[PDB]
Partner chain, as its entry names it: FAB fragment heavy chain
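Just one chain is shown here, as structure tokens, and it is the form solved without the partner chain.
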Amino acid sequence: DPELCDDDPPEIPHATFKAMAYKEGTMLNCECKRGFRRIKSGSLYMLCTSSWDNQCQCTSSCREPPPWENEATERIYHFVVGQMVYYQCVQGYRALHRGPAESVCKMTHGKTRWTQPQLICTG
């Protein structure tokens, strides 16, 4: 029974992170675009179980699962310990320092924590 990570992966200024695959249990918020709410009485998130389980659906006012009338900000994910994300600077920035640039959500003595990536992107 996979454990959810209490926090988001470390945030690295000007950096984005991506998972190469998702582990049994990651959850994906069924978020909607502006002017669109989720279908009445509709599921809140998809769950990785291998494949995804529920179905998002937005009306109007595991591998990377396929879109729906999604959100233009991103997908709000919930990872489980053991999960790893990979970091890379966005466009317009280069890796100044390149200490480890990936993170694993580990559960050291009770609480969960992500490994601190050491990536730095300057203008």
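Positions refer to the first chain, counted from 1. Definition used throughout: the rigid core is the maximal C-alpha set that superposes within 1.5 Å between two forms.
- Modelled in this chain, residue 87 is likewise resolved in all the other entries of the protein that span it on both sides, not missing from even a third of them.
- Compared with other deposited structures of the same protein, residue 52 does not meet the criterion of being unmodelled in at least one third, since all of those that resolve residues on both sides include it.
- Deposited sequence between residue 49 and residue 50: 4 to 9 residues lack coordinates.
- Gap check for residue 41 to residue 42: zero deposited residues are absent from the model.
- Just going by the entry, 24-32 versus 52-60 on mean CA temperature factor gives the higher value to 52-60.
- Per-stretch averaging of Cα B factors for 64-72 and 78-86 places 64-72 on top.
- Split the chain's modelled residues into thirds by C-alpha temperature factor. Residue 107 is in the highest one.
- Residue 4: CA B factor in the middle third of modelled residues in this chain (values from the PDB entry).
- Per-chain ranking of the deposited C-alpha B factor places residue 121 in the highest third.
This next part talks about the form deposited with the partner chain bound, which is not shown.
- For the chain shown alone, residue 70 is not a contact residue for the partner chain in the deposited complex, no non-hydrogen atom being within 4.5 angstroms.
- In the deposited complex, the partner chain sits beyond 4.5 Å of every heavy atom of residue 13.
- With contact defined as any non-hydrogen atom lying within 4.5 angstroms of the partner chain in the deposited complex, the contacting residues in 95-109 are 95, 97, 98, 99, 100, 101, 102, given in sequence order.
- Core-superposed comparison between the shown form and the other one: the CA of residue 99 exceeds or equals a 2 Å shift.
- Comparing the forms between the shown form and the other one on their rigid core, the Cα displacement of residue 88 stays under 2 Å.
- Remark: with the core as the superposition reference, the CA shift of residue 70 between the shown form and the other one reaches 2 Å or more.
- A shift of at least 3 angstroms brings the Cα atoms of residue 67 and residue 73 nearer to each other in the deposited complex than in the displayed structure.
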